[PDB]
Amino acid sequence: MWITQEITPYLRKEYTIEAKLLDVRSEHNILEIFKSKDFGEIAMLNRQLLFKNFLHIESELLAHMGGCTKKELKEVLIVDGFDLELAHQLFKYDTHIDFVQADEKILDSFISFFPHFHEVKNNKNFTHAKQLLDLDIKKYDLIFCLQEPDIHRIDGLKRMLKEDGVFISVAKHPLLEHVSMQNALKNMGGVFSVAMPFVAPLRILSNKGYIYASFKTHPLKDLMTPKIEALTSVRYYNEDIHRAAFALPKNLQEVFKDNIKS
């Protein structure tokens, strides 16, 4: 049989699967993993897809987008997601990771899906909490919002960031849905002096975009190549990719021109 991915209400992708391997459901989440000849495994998390054999792309891009634009990363914060692969890539920097997910049952359900699952959980500097109000008070050098945040969430994380911090969050694809990306940028602008959209170059099977927001640190100006060339075992990330990620066509630069803070 097969499952379907939603890119637009008038455009869907259909993935053929070998068999369903797992089905975990909690109070506010539903997880299903399927056997796949194209990607090995496909996890459907609340009308959302994860492709095992390609988990390295997004995890590397977001991790290093921040880690190579900053000097030191001592405290990083990740919220509203189950992406432990991101944490693994972040552990290629001397840093502590406060990971927040209220649904332990689901996060652990990814035990054999995230290749670096035990490695990340075994980390002495990896702290899992069900809620932000479980953590100790501190500011973060980097915060990752794995889910498009509303104006509320935005303001609540902007306050836990450091003056020289960077906040990376998710949005929609800027070309496919420039309107939505425009609204994403508008929110972000209200509190940051830097708000620029980027995508994962070469990733063609997903309507997804992201934002690099800060109080001063620029994603290109502050780009540091020595921290890039020092990364070990990455298979997607590199400086070419970094810079290409922010490339915007003439039209979109124009439509977004009053929403982009560089």
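Residue positions are given as counts along the sequence shown, with the first one as 1.
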item	value
Higher-B stretch (mean Cα B-factor, as the entry records it), 250 to 258 or 237 to 245	250 to 258
Mean C-alpha temperature factor, higher of 29 to 37 and 223 to 231	223 to 231
Candidate residues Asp150, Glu119, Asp164, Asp103, the one whose C-alpha B factor the record puts highest	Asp164
Peak C-alpha temperature factor (PDB record), options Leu205, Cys68, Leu55, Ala213	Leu205
Chain third (lowest, middle, highest) by recorded CA B-factor, residue given as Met188	highest
Third assignment of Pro115 from its chain's C-alpha B-factors	middle
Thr127 - which third its CA temperature factor falls in, relative to the rest of the chain	middle
B-factor third for the C-alpha atom of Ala19 within its chain	highest
Chain third (lowest, middle, highest) by recorded CA B-factor, residue given as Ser169	lowest
